[PDB]
Amino acid sequence: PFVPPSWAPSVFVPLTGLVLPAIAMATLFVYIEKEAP
Amino acid sequence: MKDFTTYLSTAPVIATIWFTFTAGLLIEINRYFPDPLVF
Amino acid sequence: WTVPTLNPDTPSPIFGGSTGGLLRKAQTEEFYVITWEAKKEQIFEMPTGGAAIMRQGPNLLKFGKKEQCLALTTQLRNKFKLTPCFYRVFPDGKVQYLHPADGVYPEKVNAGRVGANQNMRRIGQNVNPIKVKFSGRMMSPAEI
Amino acid sequence: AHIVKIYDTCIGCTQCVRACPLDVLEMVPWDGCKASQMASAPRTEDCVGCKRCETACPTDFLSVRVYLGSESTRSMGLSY
Amino acid sequence: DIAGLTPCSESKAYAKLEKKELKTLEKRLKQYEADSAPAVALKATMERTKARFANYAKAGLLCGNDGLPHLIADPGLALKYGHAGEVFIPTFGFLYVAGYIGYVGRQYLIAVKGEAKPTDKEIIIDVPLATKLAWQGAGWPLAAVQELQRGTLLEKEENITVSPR
Amino acid sequence: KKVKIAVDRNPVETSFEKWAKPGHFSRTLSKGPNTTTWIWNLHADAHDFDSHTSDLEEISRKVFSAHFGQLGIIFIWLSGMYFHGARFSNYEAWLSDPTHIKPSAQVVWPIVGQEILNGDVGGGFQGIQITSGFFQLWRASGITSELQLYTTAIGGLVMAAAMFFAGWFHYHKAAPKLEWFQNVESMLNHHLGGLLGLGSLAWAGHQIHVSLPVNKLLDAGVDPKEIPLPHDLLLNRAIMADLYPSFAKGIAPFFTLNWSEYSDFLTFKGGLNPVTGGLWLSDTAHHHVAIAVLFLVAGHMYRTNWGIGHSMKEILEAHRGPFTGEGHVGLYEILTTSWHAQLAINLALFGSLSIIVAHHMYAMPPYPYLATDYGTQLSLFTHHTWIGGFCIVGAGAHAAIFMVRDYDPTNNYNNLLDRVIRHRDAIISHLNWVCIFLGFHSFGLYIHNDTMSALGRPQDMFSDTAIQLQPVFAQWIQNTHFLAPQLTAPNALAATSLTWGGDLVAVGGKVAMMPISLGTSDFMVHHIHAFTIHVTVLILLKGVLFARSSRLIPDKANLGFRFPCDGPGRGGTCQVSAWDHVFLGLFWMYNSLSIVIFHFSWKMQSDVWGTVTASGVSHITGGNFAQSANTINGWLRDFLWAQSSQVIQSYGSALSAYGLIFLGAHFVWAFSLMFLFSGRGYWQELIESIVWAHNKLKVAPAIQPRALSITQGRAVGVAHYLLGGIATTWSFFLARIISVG
Amino acid sequence: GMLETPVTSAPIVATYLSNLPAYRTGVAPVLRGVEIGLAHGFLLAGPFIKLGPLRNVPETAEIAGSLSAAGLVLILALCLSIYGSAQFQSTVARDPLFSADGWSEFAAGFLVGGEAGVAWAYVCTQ
Amino acid sequence: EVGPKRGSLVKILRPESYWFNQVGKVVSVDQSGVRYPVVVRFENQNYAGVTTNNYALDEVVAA
């Protein structure tokens, strides 16, 4: 059927908008400032 | 008088006189021949 | 001629202070120290802003970059006809003499100087970038 | 660091050395011109790339060229 | 006729536009006297409008659905339906005056280039030489064709500076 | 020590020899042109007198003669205005009906169909409706016929001839010495007492003897032809005694200290004239009398040739505190030897004064039938505001020029200027922070309101109905000024203006002046103005303080005041000169003043200007400022889109020219973007290809064509940007205010 | 050299700055973080409570404001942790706060203190 | 005696030169073994404002 639940946007929109970008920005920020050995 | 004529021969004065003459000629042509669209 | 040694116990010109002085770079990376000899007390303009008074005799000053030291050197040489010299000081205490490197100003030719970065050809004789492509990194045809 | 190069068309007028604001260029003995001098760049690690030396060069084309390369604290002229 | 257009002498929108312009001018004139300066000026404008509309209709111009004259730029259609006065004759007229100006300027530059300080003559115009060249420029097409045929109009490639490619 | 007239006889011979040698004033330009750049340089250094020579005396003489030439140009312009009002205007007809006849003083010739611009302004006249307000000024002066305006035009031409003769005489025959120009004490004494005080006294005499009786009879309903001539009023005491009983006693009450007897023509009425809508001329006459006495007193303060008086050097040296080091030491020598420092101070105060004039002129209309002429009021406010802003930017430019050329560290060891340059980093950093804070707290409110309005949440906006930001300080000040005539101004019959509060004054069915209420939208636009002014100050101050050196380029003073850059080194040093700071300050001044005039136009058309009906006042826009000025969408739709209808549909009418300019101004402005976003290297290579095509046909000019310089490119771009934007606003304002006002 | 003024040289402001937890130089970094977090969460709970989108509805304005302040404290704790990871990677006395372990403990203490401050500010309004 | 005659007109053959394919007057020719002994003066200045330059023997042709 592939139909997502009714609560799917209420969970995926906040995820993709705040949780995933925060994790991506934190990991990318740590990677950019990492010093080479 | 020679220096004055040389000053009048400078680019801005010559351009001013020439453009005034050309503009006056076009204005007089449009005055005696109003609204010319085709030949 | 011999390379001079920095004297940290050298009087500095009379200056009331400013906000364009040294920053954290002087305490963590490096800074520069300029010294000169003045025949009399004279008011000069600081490269960081303001007017200072150089005293009669030795004068020492600190700057954040080499350009400030050379600007002060140019001002002292062209106006008061003095002969200043500067060094690069590291936080560990190391002092490195910078200008005039060989004791003679670079505008006048001096014996013993070995030419560096000199191409024995003209600009029009430089090769095309295709012959320099796929090198170790971004290289210009003038570098070869 | 920037790349500063001197070419054989230099006439040894010493104008580029006097115009350098960070003491990058100097004069060395030479035999290819009447002035018997040639410009040199032995302190390119302090070059900022202002290109004042190119402005002061009178030869056509220029005898001194500055190619902007890697950027560091000295090349960027940062006092902090 | 051409492109489905109609002559302005038979277009209803053309006469309607003329009536509209005369109506607004008459409406503005209705607020003044009969022997005053604004009345005379408005009457002169009305006569000029009537003469302009009659002259445009007499010229044989083609009007569209908007009642405005349309010009024909194709030489074949213009010469076949009597529209050469729109775009053909003014084309050659502009070409003559433009080439006149260009030829006079080129002659002045060539004349002052062989002097001691040509730049001085470029900033301070030599009025007698410029007037003589301006009067002599009437035969610019014949002189230009002769210069082109003799090979003196252009400069050789070896005498023109170029970039190092 | 001795103030006298020091003049050199025949220093420069009057001849036309140098007229034929362009660039003679400059040593570099006297050689002649080789490239086109020279031509531009010839005009870029024509008035740079300090660059031609280092002799202060020669520069001062050139400046003094140039001032005479400027005054001659101004006199020619004024004479032209009077001549146009006397021969091509409807002033005489407008005098009998100033509430219905539109002022017009320009007529166009009937050529190429341009006669449509001669609109029906009324009074049996056809012309262009003027907005300069000369009709109201002439009516206030008592002018009733075209003969008086024609005589004034002839007198203006005579004055212009005298100004030009004075400039020639002072440059070629009798040139003042340097010590004569350095008499700041004597010059200030004369300018305060003589010029200002005597001018105010003379104007007060004219107002008392001409403006007051003629305007009194005009307001009483007497025809201008029946009103006695000014000389008739000045010749017999019977007419003046009938109009003003105090004139029956002559000048006797003035000498016997019985000034209260002159209360019939020297009052403190305040408010506005209910017949004309302007200020009471008795109040203006009394104002000029008090101003004349005050300035005459102020003109006896400095020491010139006797023991009495003050020495400005001593006063400056005596002001020194523990927080400023030496103090004003060396400031007297700086202002008596540098023309750029004086120009900076004078331009700053002059621009500020022009802005103050615009505000005081709209708030307290001084001319009869001026407040009801909405077009004249809007045009006058906008024009004076723009002149003030331009002069302020020029002040910053000349302050930077002084710091680069005339600054000397040997005379500024520990003065105020030295300490300012010493902590310039702290000054600029704090000003930068306050600019960011103001920008966020001013623009973010509008963005928040736009977002909340678009999200369907009007209850979360910064408006009067929702969360409000009321200007309590301004409202308290307004109430204080409105209540002033009862407690803190016992002799004032009314308040200074009606903007504080009270009843409205209407003339000819149109609101001349009514109270102006301030709400949340006013608070937001005021903070927007404060933020824009702070950013303009930041750019100009940064360009002045960092003009000699900075942490990036320690030898900027050696590069001069106007230089393009210092190369692509140090990451890039593009636009480091003080000239570039002035170049950016011009854009910011344009932005600030544009928002200021936009706010003035919307506020006046929404809460002040409008018609008067039975039991109610209907405004031009219906009072939509308080509800729509809190969002950017409101400014774009209700103010820009709604009010631009008059200028876009003006074709086919007398205001069509405005519409044409409205389009032309959009062109020039966009044209500016070509010079501001590009560089001269591209244009130089394109010129190389065009030169190749010219060399092929042997039409290459001897003067080598070069692209405009980097500085010239920036100057051309900013000039076109300012011209296009200001002309766009001018066309929009004039067309809208003439069609609906 | 530098510019000295009474604002930056007064002994009263120097003592006030030295009394602050950040300039203690000798206490545990986790304690410093707890103190700073409490002092910040208490003031942070205010704006969300009195100006948030649910500020007019009763019995839930404080709940929403406290939850928003708690989320902000969590974001600030994550910012402190990434700052410590990207600042201390290699190499009076040296303050232990300016170290990888010291800053990590400081960030954890800030998180605990901030959440406790938010919870205390919520119950203080009841 | 090596090089063009003093005061004569020559054409510049240097491709990177501003005066490439242009005529300039010969000022002086160095008699030593320098790389560029010919000195050429031009009526039109370059972008740097210079009107003279040094060229080799094979970089100039009598034109």
# chains A, B, ... in the order shown; residues from 1 in each chain; ligands from 1
call {"tool": "interface_residues", "arguments": {"of": "chain C", "to": "chain F", "cutoff": "12 Å", "atoms": "only C-alpha atoms", "output": "PyMOL selection string"}}
result
chain C and resi 14-23+41-54+63-75
call {"tool": "write_last_selection", "arguments": {"atoms": "C-alpha atoms", "output": "mmCIF file, in the first residue's frame"}}
result
data_model
loop_
_atom_site.group_PDB
_atom_site.id
_atom_site.type_symbol
_atom_site.label_atom_id
_atom_site.label_comp_id
_atom_site.auth_asym_id
_atom_site.auth_seq_id
_atom_site.Cartn_x
_atom_site.Cartn_y
_atom_site.Cartn_z
ATOM 1 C CA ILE C 14 56.703 58.362 24.872
ATOM 2 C CA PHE C 15 53.196 57.185 23.952
ATOM 3 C CA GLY C 16 49.991 57.256 25.968
ATOM 4 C CA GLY C 17 48.665 54.035 24.467
ATOM 5 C CA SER C 18 46.037 53.151 21.888
ATOM 6 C CA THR C 19 43.567 50.452 20.888
ATOM 7 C CA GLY C 20 45.467 49.582 17.701
ATOM 8 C CA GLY C 21 48.335 47.795 19.444
ATOM 9 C CA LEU C 22 49.164 44.130 19.926
ATOM 10 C CA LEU C 23 46.546 41.383 20.160
ATOM 11 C CA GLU C 41 63.505 64.028 20.878
ATOM 12 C CA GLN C 42 60.965 64.292 18.075
ATOM 13 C CA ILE C 43 57.244 63.729 17.559
ATOM 14 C CA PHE C 44 56.409 61.115 14.917
ATOM 15 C CA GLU C 45 53.223 59.363 13.810
ATOM 16 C CA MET C 46 52.558 55.820 14.984
ATOM 17 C CA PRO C 47 51.559 53.351 12.228
ATOM 18 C CA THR C 48 48.776 52.061 14.504
ATOM 19 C CA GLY C 49 47.339 55.559 15.009
ATOM 20 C CA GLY C 50 48.400 58.512 17.143
ATOM 21 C CA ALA C 51 51.473 60.648 17.725
ATOM 22 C CA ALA C 52 54.410 59.447 19.825
ATOM 23 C CA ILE C 53 57.646 61.118 20.906
ATOM 24 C CA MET C 54 60.903 59.348 20.112
ATOM 25 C CA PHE C 63 53.997 45.777 16.223
ATOM 26 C CA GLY C 64 51.668 42.985 15.184
ATOM 27 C CA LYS C 65 52.897 42.581 11.612
ATOM 28 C CA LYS C 66 56.011 43.242 9.538
ATOM 29 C CA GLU C 67 54.217 45.832 7.382
ATOM 30 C CA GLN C 68 53.809 48.155 10.379
ATOM 31 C CA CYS C 69 57.527 47.901 11.152
ATOM 32 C CA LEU C 70 58.491 48.624 7.545
ATOM 33 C CA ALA C 71 56.038 51.543 7.373
ATOM 34 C CA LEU C 72 57.644 53.052 10.466
ATOM 35 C CA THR C 73 61.077 52.362 8.945
ATOM 36 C CA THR C 74 60.095 54.205 5.757
ATOM 37 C CA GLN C 75 58.756 57.144 7.775
#
call {"tool": "residues_around", "arguments": {"residues": "stretch 28-41 of chain H", "least_positions_apart": "3", "cutoff": "8 Å", "atoms": "only C-alpha atoms", "output": "PyMOL selection string"}}
result
(chain D and resi 9+31-34) or (chain H and resi 1-4+6+24-25+51-57)
call {"tool": "write_last_selection", "arguments": {"atoms": "N, CA and C atoms", "output": "PDB file, in the first residue's frame"}}
result
ATOM      1  N   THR D   9      64.110  40.781 -18.458  1.00  0.00           N
ATOM      2  CA  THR D   9      63.915  42.105 -19.037  1.00  0.00           C
ATOM      3  C   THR D   9      64.149  43.218 -18.026  1.00  0.00           C
ATOM      4  N   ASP D  31      74.939  41.061 -14.872  1.00  0.00           N
ATOM      5  CA  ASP D  31      75.677  41.556 -16.025  1.00  0.00           C
ATOM      6  C   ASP D  31      74.829  41.711 -17.279  1.00  0.00           C
ATOM      7  N   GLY D  32      73.526  41.449 -17.208  1.00  0.00           N
ATOM      8  CA  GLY D  32      72.655  41.550 -18.360  1.00  0.00           C
ATOM      9  C   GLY D  32      72.072  42.910 -18.667  1.00  0.00           C
ATOM     10  N   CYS D  33      72.476  43.964 -17.963  1.00  0.00           N
ATOM     11  CA  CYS D  33      71.946  45.295 -18.219  1.00  0.00           C
ATOM     12  C   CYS D  33      73.012  46.338 -17.915  1.00  0.00           C
ATOM     13  N   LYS D  34      72.683  47.594 -18.228  1.00  0.00           N
ATOM     14  CA  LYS D  34      73.613  48.698 -18.002  1.00  0.00           C
ATOM     15  C   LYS D  34      73.785  48.993 -16.516  1.00  0.00           C
TER      16      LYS D  34
ATOM     17  N   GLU H   1      78.303  49.954 -33.846  1.00  0.00           N
ATOM     18  CA  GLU H   1      77.737  49.909 -35.190  1.00  0.00           C
ATOM     19  C   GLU H   1      76.683  48.814 -35.309  1.00  0.00           C
ATOM     20  N   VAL H   2      76.591  47.969 -34.281  1.00  0.00           N
ATOM     21  CA  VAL H   2      75.614  46.888 -34.283  1.00  0.00           C
ATOM     22  C   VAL H   2      74.238  47.448 -33.933  1.00  0.00           C
ATOM     23  N   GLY H   3      73.209  46.951 -34.616  1.00  0.00           N
ATOM     24  CA  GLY H   3      71.857  47.396 -34.383  1.00  0.00           C
ATOM     25  C   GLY H   3      71.424  48.480 -35.350  1.00  0.00           C
ATOM     26  N   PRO H   4      70.187  48.950 -35.208  1.00  0.00           N
ATOM     27  CA  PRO H   4      69.687  49.996 -36.105  1.00  0.00           C
ATOM     28  C   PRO H   4      70.339  51.342 -35.834  1.00  0.00           C
ATOM     29  N   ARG H   6      70.715  55.265 -35.015  1.00  0.00           N
ATOM     30  CA  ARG H   6      70.071  56.137 -34.044  1.00  0.00           C
ATOM     31  C   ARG H   6      69.173  57.145 -34.749  1.00  0.00           C
ATOM     32  N   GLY H  24      58.315  53.037 -33.691  1.00  0.00           N
ATOM     33  CA  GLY H  24      58.943  53.830 -32.652  1.00  0.00           C
ATOM     34  C   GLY H  24      60.305  54.306 -33.109  1.00  0.00           C
ATOM     35  N   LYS H  25      60.752  55.410 -32.517  1.00  0.00           N
ATOM     36  CA  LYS H  25      62.040  56.005 -32.856  1.00  0.00           C
ATOM     37  C   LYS H  25      63.166  55.401 -32.027  1.00  0.00           C
ATOM     38  N   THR H  51      56.666  55.667 -22.210  1.00  0.00           N
ATOM     39  CA  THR H  51      56.814  55.901 -23.638  1.00  0.00           C
ATOM     40  C   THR H  51      58.094  55.321 -24.222  1.00  0.00           C
ATOM     41  N   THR H  52      58.907  54.625 -23.431  1.00  0.00           N
ATOM     42  CA  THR H  52      60.157  54.057 -23.910  1.00  0.00           C
ATOM     43  C   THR H  52      60.309  52.625 -23.414  1.00  0.00           C
ATOM     44  N   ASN H  53      61.082  51.835 -24.156  1.00  0.00           N
ATOM     45  CA  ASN H  53      61.306  50.440 -23.788  1.00  0.00           C
ATOM     46  C   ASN H  53      62.596  49.940 -24.427  1.00  0.00           C
ATOM     47  N   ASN H  54      63.061  48.792 -23.938  1.00  0.00           N
ATOM     48  CA  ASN H  54      64.275  48.149 -24.424  1.00  0.00           C
ATOM     49  C   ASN H  54      63.903  46.875 -25.168  1.00  0.00           C
ATOM     50  N   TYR H  55      64.514  46.676 -26.331  1.00  0.00           N
ATOM     51  CA  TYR H  55      64.259  45.513 -27.164  1.00  0.00           C
ATOM     52  C   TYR H  55      65.570  44.951 -27.685  1.00  0.00           C
ATOM     53  N   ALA H  56      65.518  43.674 -28.058  1.00  0.00           N
ATOM     54  CA  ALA H  56      66.662  42.964 -28.597  1.00  0.00           C
ATOM     55  C   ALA H  56      66.871  43.332 -30.062  1.00  0.00           C
ATOM     56  N   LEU H  57      67.965  42.824 -30.632  1.00  0.00           N
ATOM     57  CA  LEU H  57      68.270  43.107 -32.031  1.00  0.00           C
ATOM     58  C   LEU H  57      67.278  42.429 -32.967  1.00  0.00           C
TER      59      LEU H  57
END
call {"tool": "interface_residues", "arguments": {"of": "chain F", "to": "chain D", "cutoff": "6 Å", "atoms": "only C-alpha atoms", "output": "VMD selection string"}}
result
chain F and resid 566 to 571
call {"tool": "select_by_dssp", "arguments": {"residues": "chain A", "states": "helix (DSSP H, G or I)", "output": "list in words"}}
result
residues 8, 9, 10, 11, 12, 13, 14, 15, 16, 17, 18, 19, 20, 21, 22, 23, 24, 25, 26, 27, 28, 29, 30, 31 and 32 of chain A
call {"tool": "write_last_selection", "arguments": {"atoms": "N, CA and C atoms", "output": "mmCIF file, in the first residue's frame"}}
result
data_model
loop_
_atom_site.group_PDB
_atom_site.id
_atom_site.type_symbol
_atom_site.label_atom_id
_atom_site.label_comp_id
_atom_site.auth_asym_id
_atom_site.auth_seq_id
_atom_site.Cartn_x
_atom_site.Cartn_y
_atom_site.Cartn_z
ATOM 1 N N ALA A 8 2.570 10.697 10.443
ATOM 2 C CA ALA A 8 3.880 10.751 9.791
ATOM 3 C C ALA A 8 4.409 12.169 9.574
ATOM 4 N N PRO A 9 3.622 13.163 9.112
ATOM 5 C CA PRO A 9 4.217 14.505 8.971
ATOM 6 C C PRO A 9 4.595 15.140 10.295
ATOM 7 N N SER A 10 3.795 14.924 11.347
ATOM 8 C CA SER A 10 4.074 15.492 12.664
ATOM 9 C C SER A 10 5.359 14.958 13.278
ATOM 10 N N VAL A 11 5.898 13.867 12.743
ATOM 11 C CA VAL A 11 7.138 13.305 13.233
ATOM 12 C C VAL A 11 8.292 13.549 12.265
ATOM 13 N N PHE A 12 8.063 13.424 10.960
ATOM 14 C CA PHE A 12 9.110 13.617 9.967
ATOM 15 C C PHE A 12 9.454 15.077 9.702
ATOM 16 N N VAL A 13 8.475 15.990 9.676
ATOM 17 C CA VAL A 13 8.794 17.403 9.462
ATOM 18 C C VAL A 13 9.647 17.964 10.598
ATOM 19 N N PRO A 14 9.326 17.742 11.895
ATOM 20 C CA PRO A 14 10.237 18.261 12.929
ATOM 21 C C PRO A 14 11.587 17.574 12.907
ATOM 22 N N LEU A 15 11.621 16.297 12.524
ATOM 23 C CA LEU A 15 12.876 15.561 12.454
ATOM 24 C C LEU A 15 13.798 16.176 11.411
ATOM 25 N N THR A 16 13.344 16.191 10.154
ATOM 26 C CA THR A 16 14.102 16.744 9.036
ATOM 27 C C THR A 16 14.361 18.240 9.192
ATOM 28 N N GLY A 17 13.541 18.942 9.961
ATOM 29 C CA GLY A 17 13.769 20.362 10.120
ATOM 30 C C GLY A 17 14.637 20.774 11.291
ATOM 31 N N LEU A 18 14.673 19.979 12.366
ATOM 32 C CA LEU A 18 15.470 20.376 13.519
ATOM 33 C C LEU A 18 16.441 19.321 14.029
ATOM 34 N N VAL A 19 16.059 18.045 14.046
ATOM 35 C CA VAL A 19 16.946 17.020 14.593
ATOM 36 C C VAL A 19 18.054 16.680 13.610
ATOM 37 N N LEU A 20 17.682 16.316 12.383
ATOM 38 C CA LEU A 20 18.681 15.994 11.365
ATOM 39 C C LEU A 20 19.603 17.166 11.030
ATOM 40 N N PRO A 21 19.129 18.417 10.848
ATOM 41 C CA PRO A 21 20.096 19.491 10.565
ATOM 42 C C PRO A 21 21.010 19.791 11.733
ATOM 43 N N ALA A 22 20.543 19.621 12.972
ATOM 44 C CA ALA A 22 21.409 19.872 14.121
ATOM 45 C C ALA A 22 22.529 18.844 14.181
ATOM 46 N N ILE A 23 22.190 17.572 13.956
ATOM 47 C CA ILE A 23 23.186 16.504 13.960
ATOM 48 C C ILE A 23 24.165 16.693 12.812
ATOM 49 N N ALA A 24 23.645 17.015 11.623
ATOM 50 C CA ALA A 24 24.500 17.223 10.460
ATOM 51 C C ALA A 24 25.418 18.421 10.652
ATOM 52 N N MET A 25 24.891 19.524 11.190
ATOM 53 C CA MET A 25 25.701 20.713 11.417
ATOM 54 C C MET A 25 26.754 20.467 12.487
ATOM 55 N N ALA A 26 26.409 19.725 13.542
ATOM 56 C CA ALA A 26 27.379 19.440 14.595
ATOM 57 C C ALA A 26 28.497 18.540 14.083
ATOM 58 N N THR A 27 28.140 17.476 13.354
ATOM 59 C CA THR A 27 29.147 16.567 12.818
ATOM 60 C C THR A 27 30.023 17.268 11.790
ATOM 61 N N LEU A 28 29.415 18.086 10.927
ATOM 62 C CA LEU A 28 30.184 18.814 9.932
ATOM 63 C C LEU A 28 31.084 19.846 10.590
ATOM 64 N N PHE A 29 30.596 20.520 11.636
ATOM 65 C CA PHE A 29 31.408 21.512 12.330
ATOM 66 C C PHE A 29 32.607 20.862 13.001
ATOM 67 N N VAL A 30 32.411 19.677 13.580
ATOM 68 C CA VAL A 30 33.525 18.981 14.212
ATOM 69 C C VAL A 30 34.521 18.521 13.152
ATOM 70 N N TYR A 31 34.019 18.088 11.990
ATOM 71 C CA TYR A 31 34.903 17.631 10.922
ATOM 72 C C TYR A 31 35.716 18.771 10.311
ATOM 73 N N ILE A 32 35.116 19.956 10.151
ATOM 74 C CA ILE A 32 35.839 21.076 9.547
ATOM 75 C C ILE A 32 36.976 21.546 10.447
#
call {"tool": "closest_residue", "arguments": {"among": "H:22, H:14, H:7, H:61", "to": "residue H:43", "atoms": "only C-alpha atoms"}}
result
H:22
call {"tool": "closest_atom_pairs", "arguments": {"of": "chain B", "to": "chain E", "cutoff": "7 Å", "atoms": "only C-alpha atoms", "output": "Markdown table"}}
result
| residue | atom | partner | partner_atom | distance |
| --- | --- | --- | --- | --- |
| B:9 | CA | E:125 | CA | 5.3 |
| B:10 | CA | E:124 | CA | 4.1 |
| B:11 | CA | E:123 | CA | 5.4 |
| B:35 | CA | E:52 | CA | 6.4 |
| B:38 | CA | E:86 | CA | 5.1 |
| B:39 | CA | E:85 | CA | 4.5 |
call {"tool": "residues_around", "arguments": {"residues": "stretch 95-104 of chain E", "least_positions_apart": "5", "cutoff": "6 Å", "atoms": "only C-alpha atoms", "output": "VMD selection string"}}
result
chain E and resid 133 to 134 137 140
call {"tool": "atom_distance", "arguments": {"atom1": "atom CA of residue F:690", "atom2": "atom CA of residue F:705"}}
result
9.6 Å
call {"tool": "atom_distance", "arguments": {"atom1": "atom CA of residue F:126", "atom2": "atom CA of residue E:39"}}
result
10.0 Å
call {"tool": "residues_around", "arguments": {"residues": "stretch 103-114 of chain G", "least_positions_apart": "2", "cutoff": "9 Å", "atoms": "only C-alpha atoms", "output": "number ranges by chain"}}
result
G: 28-42, 69-70, 73-74, 76-81, 83-85, 88, 96-101, 116-119
call {"tool": "residues_around", "arguments": {"residues": "residue F:40", "least_positions_apart": "5", "cutoff": "10 Å", "atoms": "only C-alpha atoms", "output": "ChimeraX atom specification"}}
result
/F:35,45,708-709,712
